[PDB]
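This report refers to the structure that appears directly beneath it.
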Amino acid sequence: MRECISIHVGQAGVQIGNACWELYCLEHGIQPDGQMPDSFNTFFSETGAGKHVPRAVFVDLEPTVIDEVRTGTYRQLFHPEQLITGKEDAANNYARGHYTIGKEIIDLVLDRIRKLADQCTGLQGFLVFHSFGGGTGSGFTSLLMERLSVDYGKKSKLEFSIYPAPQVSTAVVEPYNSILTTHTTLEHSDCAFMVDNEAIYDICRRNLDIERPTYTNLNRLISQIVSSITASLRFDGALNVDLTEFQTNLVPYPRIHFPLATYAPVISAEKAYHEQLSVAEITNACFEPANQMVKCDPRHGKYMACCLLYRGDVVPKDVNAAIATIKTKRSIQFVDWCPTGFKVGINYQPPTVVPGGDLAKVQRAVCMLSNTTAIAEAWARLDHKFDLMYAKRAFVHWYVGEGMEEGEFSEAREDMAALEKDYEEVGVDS
Amino acid sequence: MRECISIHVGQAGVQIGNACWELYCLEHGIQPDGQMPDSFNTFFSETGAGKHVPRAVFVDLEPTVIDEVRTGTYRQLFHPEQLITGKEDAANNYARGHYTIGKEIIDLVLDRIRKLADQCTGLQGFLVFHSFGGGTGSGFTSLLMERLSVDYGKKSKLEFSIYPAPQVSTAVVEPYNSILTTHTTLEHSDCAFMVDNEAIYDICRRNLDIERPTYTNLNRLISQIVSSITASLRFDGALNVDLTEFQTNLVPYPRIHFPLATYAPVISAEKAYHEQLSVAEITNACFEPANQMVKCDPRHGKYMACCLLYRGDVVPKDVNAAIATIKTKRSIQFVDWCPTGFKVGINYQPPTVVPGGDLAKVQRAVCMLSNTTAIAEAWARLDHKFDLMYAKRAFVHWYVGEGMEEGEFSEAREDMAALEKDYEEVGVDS
Amino acid sequence: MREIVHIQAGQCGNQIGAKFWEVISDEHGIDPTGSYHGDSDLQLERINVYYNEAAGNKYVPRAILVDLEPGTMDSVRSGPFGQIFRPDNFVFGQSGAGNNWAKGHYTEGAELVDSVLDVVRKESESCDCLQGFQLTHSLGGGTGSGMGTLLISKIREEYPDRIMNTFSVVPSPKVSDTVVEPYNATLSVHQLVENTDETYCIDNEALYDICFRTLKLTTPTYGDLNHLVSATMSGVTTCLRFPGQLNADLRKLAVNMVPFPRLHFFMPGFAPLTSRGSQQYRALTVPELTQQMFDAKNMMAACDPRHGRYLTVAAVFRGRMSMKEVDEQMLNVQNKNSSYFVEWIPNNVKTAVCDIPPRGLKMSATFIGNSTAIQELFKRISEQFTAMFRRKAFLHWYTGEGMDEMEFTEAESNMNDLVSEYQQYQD
Amino acid sequence: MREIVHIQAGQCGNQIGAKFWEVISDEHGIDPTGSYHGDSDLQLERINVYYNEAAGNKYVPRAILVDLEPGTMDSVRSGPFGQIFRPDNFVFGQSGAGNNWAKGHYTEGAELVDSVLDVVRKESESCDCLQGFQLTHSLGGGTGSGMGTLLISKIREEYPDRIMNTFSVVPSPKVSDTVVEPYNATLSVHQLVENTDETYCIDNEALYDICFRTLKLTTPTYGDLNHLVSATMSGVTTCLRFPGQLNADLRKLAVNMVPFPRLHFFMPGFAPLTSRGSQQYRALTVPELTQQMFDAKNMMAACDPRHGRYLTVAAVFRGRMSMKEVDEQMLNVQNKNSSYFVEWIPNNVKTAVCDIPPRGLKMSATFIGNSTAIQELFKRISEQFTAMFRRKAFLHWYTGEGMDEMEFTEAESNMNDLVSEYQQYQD
Ligand SMILES: Nc1nc2c(ncn2[C@@H]2O[C@H](COP(=O)(O)CP(=O)(O)OP(=O)(O)O)[C@@H](O)[C@H]2O)c(=O)[nH]1
Ligand SMILES: Nc1nc2c(ncn2[C@@H]2O[C@H](COP(=O)(O)CP(=O)(O)OP(=O)(O)O)[C@@H](O)[C@H]2O)c(=O)[nH]1
Ligand SMILES: Nc1nc2c(ncn2[C@@H]2O[C@H](COP(=O)(O)OP(=O)(O)OP(=O)(O)O)[C@@H](O)[C@H]2O)c(=O)[nH]1
Ligand SMILES: Nc1nc2c(ncn2[C@@H]2O[C@H](COP(=O)(O)OP(=O)(O)OP(=O)(O)O)[C@@H](O)[C@H]2O)c(=O)[nH]1
Ligand SMILES: [Mg+2]
Ligand SMILES: [Mg+2]
Ligand SMILES: [Mg+2]
Ligand SMILES: [Mg+2]
């Protein structure tokens, strides 16, 4: 039982999803044709004899990205009806995604999802992959999330989001899309892991010694985090964390559901030989700003809860030691209303590595998911960016053309202001 | 014993019949020359040594369609006297079919039928195949049905009818023919399965991935339904349904004898490999509007009775489970005067598939025959169509020329109005 | 010496019947040819209760097989043990009854039944002292229900002083396989009330529950379900077939279990019942058997015994057992569960013991409970009938076979009265 | 004759339970199949205290295994000794409780618990004279804590005159593996105060200390920790299982150790405990065992006994020993350490001796101390609870399961009162 349904929306979502599915296949020994020469059932349905099918739906409003999947290496892995494509994209326009273009495809995707969900007997919930900046990733996902929330209700929804960078931004209208999606994300998502491409790039250059990291490098890394999250369901070890468990531990208030993920160790084959990558070391490395997946300063924020998810050759005692050490480090401060802020998971399976990947094979790894006030800084910069453009009503007409109202923008901004304020409040000591 | 006599009237009837006879031959291992290198006796008489002859009569008022049969692959299967042909067709004119042209051939066909029936020792009844829209399919069939009703009386007559589409209509005068045949169909037929070409086309494109489905594709599918109906007589399994049984279960009131047929699963070779086509799944798919053989919305109607006819690797327990699941689905509503609306048949033989067919080979299939108020919508649109044309008396003169009276049209319309009203009434809760 | 005449009517009746015969032949050491190949002299001593002795060391079931369809007959004859039956004892029509009680009771069945009557008369003549009849069937179809009921009526008319027993499989709404079941059941139940002396209420739903929950059987078949029924059937007549320490036949059981004429509808149970894995972690002892038998989950009728009271229970034990132990365990159950037993019948439990256990087991138990909770079963059926009858749905078919609405009204009334009567004694 | 019924709830409870069973089977000469292969007649004499006797020379633990997750069950069944357990005694949910006491106590656990109750009733019926219940679990999670507490309440309601014992692993702040531990512990502690007769306070921190400092074990595992707990558990019921010179069962121990109803929270200890290297440089003698047992470093609760006073200590000795020597050593400890014993209970020490030592040792000791220093454990927990509750952190989850703030207020109050009471008698 214990199934998780994956939804991959827009280009970014699709591409991350590809990586994820490559990784899952390798982890469960499933070949690209669905054949396997048990726990894999959390990610795969099984049909007849020698066939396994991902519990996933891939959606884009344009055909190009999905068309690659159809033509490509994993064409036999997915059945055609799980790869859903329209004709025209949302053109970096939230309105087109949520209304004009999205209203044509949403019903169909929902139906397919329902069909998929009917096949699963112990649904844990949904993993939703999408960008904040694109018209499909924002507008369509927002719409989809609403519908899912309506139909399914109390099912857990976890969204992995490529949040836009401070500096390294690829589109002009990104801040608008980001603001608009955030509003909906607040009410319909149970936990949201924001990720920043710039941070990933820095990590790849600094930690992996890669001169020129491309999206394929990012995606692979991202997939690893997802694997760590779901390894507790797909294998078993000494200490286990379910999704509901995770939510209980990591989320102190309903709105404050934005943990930062960080993975350790991220090292090269040659660089790793010299390093003595102990449990204590990797744990320590988790709480360092340079290895973060979002650009921001934890030293200027406060921790409310951290989940530490260990995998491979790890025993409780040394994890405890590491936690103790972390406690005594003055530069890592936790809020006073959380006397112990550590949920700990330990799983026996070492991280498996993708052939031709950038990361070296290690005996132990860790994924830390931590709710820190520091993430609010990202929102502040994004809000600032939004405010400039809106001051001149720049590009607004486009959105209006596709049925959006100006009042929605203001509403969204207000919502984000309120959220930032909430985050500020929880921070302060009594 | 337990024989069924098949009558194939007009082009449509002939062409469906061809498909049917291809399928039966394959099912019983009878070659196109009548030789077989038992239950087959339900469809075939046996003569001398190494010869089996279909219990069928093929009739058309024009020679062209039947002439194909005479020249073609199955020329040795039928004896010449069972393929009956006039010289001139009914030219989409009910009057010509029922009176002017039909009165010349009807006696002959009846005589042959009587001869055929005398050879059968346990006659279950008749399967009558014809279109509603053609002059022969309407006028001739109507006439034939009357005569059969007179001669044989309490024998069950089951008619499979190609009812005209809402949009996709091939002739102008279709609504007239349809209305006229319906009047007679009411009094002389025991159960009538309406089918809509548009719906079949949609199914072929959507479910079978066929760009361009032709009549040959439709007919094959149609034949499968007939096979499912008669498999309970031609084989044996865990739970069996005779024709009388079926009638008892499916028909709550004498006039309300119009069940909708739906078949599951209809899938492609490649698309099916990935799908895990369970009993529950196929059952669920039966009650979905997209897989219907008539264009109309069951969600807007109420179920009065459904017969579920399973075939192949199926056991009672899982059928029961499926039924239970269906019961708990709010979008599928049954009338309050039917506390259990399920007759269930289970047969051991999996559906055999025609070489070069569009459908993939499955371990299990199902044919659902359900009496829903929703079919009344079809009648409403047809009636509307009729009413426009009649407002101007368009084409009426032709019918009058061939001996029809205007009063008959009005009578027919009235009859259909009454029927629609009856259908409405049964629907409503108390 | 105390011959029983067996009758099987309709598909279900036939199939269960076949299972019954198979088990019984095994028990009495009879092989698929009719020849005795057993070990013990006890296996042949009372062989005449169920078998007629033919020429050349062969035994033939005193069984009549009845159906309006010949397919069932064919299936039986082709089965393992199919050849043991007397060819002349297969009485079949050609048409079928189409789930129509009226066709079975008044029309096709009427035409059929005289042949059956002729057969059964002969079968009665053959037996030196026939104690009575056992009919296996269902109430939800047309043949077993309509034809079966008709046959029962005919039998009783000719043998009013003989014991008339039925094993009747009732329709449940969970496992509802047909549409007109409520009608057929209602009509047949009424008839049963007046003409049968004891009726074992077998429910498919309960059987499934037993198979799934107790036997841990992932995919039960009708065969598996049938097996349970067969076991129960075997249990009741063990005292007629073997020696024992305390013996009770069909009459003795009825007299102890039926305090008022109408209240003869039993909820049967069989113990022990275990999974293959869970067999090694159990005690082969009388207290355990007793524990199993009185449990609600082990009753073959979909009724909660805790929703009513027991009027009487008859327990039939097979194997070498201490009488004292049996007596203590039965007293304990009545003292501890005082509230589930009617207080105006002291010692609500009757016990019988047969020394010969069934094959594979050292001890076994068969439970027959007369509980006021059986009203639940009837009530549901009544409700369903009402739901249809209020709108006269499907009535036309029945009327086409000569039936009138008034009969329906009568049957419904009768069933309601029966229900009321049970409620009365429940208090 | 004095059967104990064992219950295991949640992951920790299950795992420790498994260890306990493994040790006990070894002790009583039972192998992984349930067959007795021991040497001495003493091993079988009182086998019925923990085992039911099944058919064919096999013994099955009177054990119920409970969890909201089936993974734990699977792990148990797949373990060495997994096959000894009754398959029907595994009572599992599918969802889990997500470290939420409310889910375990009011929601998922509520739905689950009736099955468990049914099982345990049967297990009680099986035993001729059940003296009571032993529950193994933790207070920091959701299942063991919430569901476990609920189960306890249910049990006590049905068996108010039976002895109710728990081995409760408490959350420590050093080895703090979860966030909501304070909440779960607080809620459960309250319930325990009213419904358990004796509670063994097991602390993971203390276990680790024992393993590292005393056993010299570089890399202890949970298994190793569990072993210690198992040993302690075995110690308490040695007098029920074997002969002896002075015998004290669960009741006798409680009566001597609990002077006021609420004060039933023990700090357990086990002696001897040695490293593999340091084993040859020791004396196998009673004075040494005594010395070890009263030491603060050998207590399985993270409390300094020198920070309070002993209300009572019960010492249970296993092996062939001089009673005089035992009496002298116990008097010496109370005279020398006068200040650590409450002065208004003369002879604060109760002694019991069982002639059968555990395997591998000639002598062993189990210590049960009722110390006012246990307040430290509760105080820390209370503080942590306050820290969270003051800001209503994580409360929303609990309220989503139907819980109100008021319950939290109540529990906290109750715990505080308990703490105060302990302080009072400490003086
Ligand atoms: N426990 C069993 N129930 C059965 C068996 N066969 C059928 N049935 C159940 O009985 C009902 C169907 O009854 P039948 O086939 O016996 C109807 P019958 O053949 O007696 O008359 P017709 O109306 O002429 O078919 C239904 O509830 C089936 O699900 C069986 O072998 N065992
Ligand atoms: N001494 C031991 N402590 C353990 C063991 N397993 C877990 N624990 C400790 O107990 C706490 C975790 O408790 P559990 O896994 O038992 C929570 P449970 O499964 O009962 O409920 P859920 O909240 O539904 O998981 C924590 O302090 C662990 O570090 C064990 O085998 N021995
Ligand atoms: N990490 C990562 N980011 C990506 C990838 N592809 C696109 N992005 C980021 O996603 C944002 C652009 O959104 P897309 O996903 O391309 O757009 P879309 O969802 O398809 O929306 P439209 O094309 O406007 O309909 C930018 O911030 C990109 O940097 C990828 O493979 N990995
Ligand atoms: N499904 C299906 N429909 C057919 C086929 N052939 C004709 N039709 C439909 O039948 C109707 C036309 O009636 P026909 O059967 O060709 O006419 P006819 O009965 O021969 O009558 P006349 O030629 O007028 O004497 C139209 O609705 C056609 O779409 C076929 O092979 N399959
Ligand atoms: Mg795009
Ligand atoms: Mg034509
Ligand atoms: Mg039948
Ligand atoms: Mg757990």
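Header says: electron microscopy, 3.1 Å.
Cβ coordinates come from backbone N, Cα and C, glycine included.
If you look up Swiss-Prot, you'll see C:1-4 marked as motif 'MREI motif', on the strength of similarity to another entry. The DSSP breakdown of the motif 'MREI motif' (C:1-4) into helical (H, G, I), extended (E, B) and coil residues amounts to 0 helix, 2 strand, 2 coil.
Per Swiss-Prot, GTP binding site is recorded for C:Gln11, C:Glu69, C:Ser138, C:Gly142, C:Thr143, C:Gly144, C:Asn204, C:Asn226, and the stated evidence type is similarity to another entry. Other Cβ atoms within 10 Å of the Cβ of C:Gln11 (GTP binding site), summed over all protein chains shown, number 23. In this structure, C:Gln11 (GTP binding site) is part of a helix by DSSP.
The number of other CB atoms found within 10 A of the CB of C:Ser40 (phosphoserine), across every protein chain shown, is 11. In the three-state DSSP scheme, C:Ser40 (phosphoserine) is classed as coil. Under the heading phosphoserine, Swiss-Prot lists C:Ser40 (among others).
Swiss-Prot lists C:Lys58 with the feature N6-acetyllysine, giving similarity to another entry as the kind of evidence. Reduced to three states, the DSSP call for C:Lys58 (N6-acetyllysine) is strand.
As annotated by Swiss-Prot, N6-succinyllysine applies to C:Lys58, with the evidence given as similarity to another entry.
Around the Cβ of C:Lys58 (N6-acetyllysine), a 10 Å sphere holds 15 further Cβ atoms from the protein chains shown. Positions annotated as ubiquitin cross-link by Swiss-Prot: C:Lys58 (among others).
As annotated by Swiss-Prot, Mg(2+) binding site applies to C:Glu69. C:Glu69 (GTP binding site) has a Cβ environment of 21 other Cβ atoms inside 10 Å.
Positions annotated as phosphoserine by Swiss-Prot, on the basis of similarity to another entry: C:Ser172 (among others). DSSP assigns C:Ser172 (phosphoserine) to coil in the three-state reduction, outside any helix or strand. The Cβ neighbour count for C:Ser172 (phosphoserine), using a 10 Å radius over every protein chain in view, is 21.
In three-state terms derived from DSSP, C:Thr285 (phosphothreonine) belongs to neither a helical nor a strand segment and is classed as coil. If you draw a 10 Å sphere around the CB of C:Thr285 (phosphothreonine), it holds 15 other CB atoms from the protein chains shown. Swiss-Prot lists C:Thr285 (among others) with the feature phosphothreonine, giving similarity to another entry as the kind of evidence.
In the three-state DSSP scheme, C:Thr290 (phosphothreonine) falls into the helix class. Around the Cβ of C:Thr290 (phosphothreonine), 22 further Cβ atoms fall within 10 Å across all displayed protein chains. Annotation comment: Swiss-Prot describes C:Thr290 (among others) as phosphothreonine.
In the three-state DSSP scheme, C:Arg318 (omega-N-methylarginine) falls into the strand class. If you look up Swiss-Prot, you'll see C:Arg318 marked as omega-N-methylarginine.
The ubiquitin cross-link annotation in Swiss-Prot covers C:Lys324 (among others). Around the Cβ of C:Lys324 (ubiquitin cross-link), a 10 Å sphere holds 9 further Cβ atoms from the protein chains shown. For the recorded site, C:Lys324 (ubiquitin cross-link), the DSSP three-state label reads helix.
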Close-lying recorded positions around ligand 1 among C:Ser40, C:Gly142, C:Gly144, C:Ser172, C:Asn204, C:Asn226, where CB distance stays under 6 Å: C:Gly142, C:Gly144, C:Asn204, C:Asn226
Winner by Cβ contact number (other Cβ atoms within 10 Å) across the recorded positions C:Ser138, C:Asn204, C:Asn226, C:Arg318: C:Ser138
Cα separation, C:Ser40 (phosphoserine) to C:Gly142 (GTP binding site) (Å, whole number): 43
Max CA-CA distance, Å, over listed GTP-binding residues C:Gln11, C:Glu69, C:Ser138, C:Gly142, C:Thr143, C:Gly144, C:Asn204, C:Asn226: 22
C:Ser138 (GTP binding site) in three-state DSSP notation: strand
From modified residues C:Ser40, C:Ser172, C:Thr285, C:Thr290, the one whose Cα lies nearest C:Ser138 (GTP binding site): C:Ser172
Number of Cβ atoms other than its own within 10 Å, given for C:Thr143 (GTP binding site): 33
DSSP three-state assignment for C:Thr143 (GTP binding site): helix
Recorded positions in contact range of chain D, given that the Cβ distance is under 8 Å, out of C:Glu69, C:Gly142, C:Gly144, C:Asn226, C:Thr290, C:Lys324: none
Spatial neighbours, same chain, of C:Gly144 (GTP binding site) - Cβ under 8 Å, 6+ residues apart: C:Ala9, C:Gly10, C:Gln11, C:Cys12, C:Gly13, C:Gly104, C:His137, C:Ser138
Rounded to the nearest Å - Cα separation of C:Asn226 (GTP binding site) and C:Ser40 (phosphoserine): 28
Of the binding-site residues listed as C:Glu69, C:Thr143, C:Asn204, the one whose CA lies nearest the CA of C:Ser40 (phosphoserine): C:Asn204
Cα proximity to C:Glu69 (GTP binding site), best match among modified residues C:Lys58, C:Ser172, C:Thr285, C:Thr290, C:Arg318: C:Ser172
Between C:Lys58 (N6-acetyllysine) and C:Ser172 (phosphoserine): CA-CA distance (Å): 41
Filtered binding-site residues, from C:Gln11, C:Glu69, C:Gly144, whose Cβ is under 6 Å from an atom of ligand 7: C:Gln11, C:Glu69
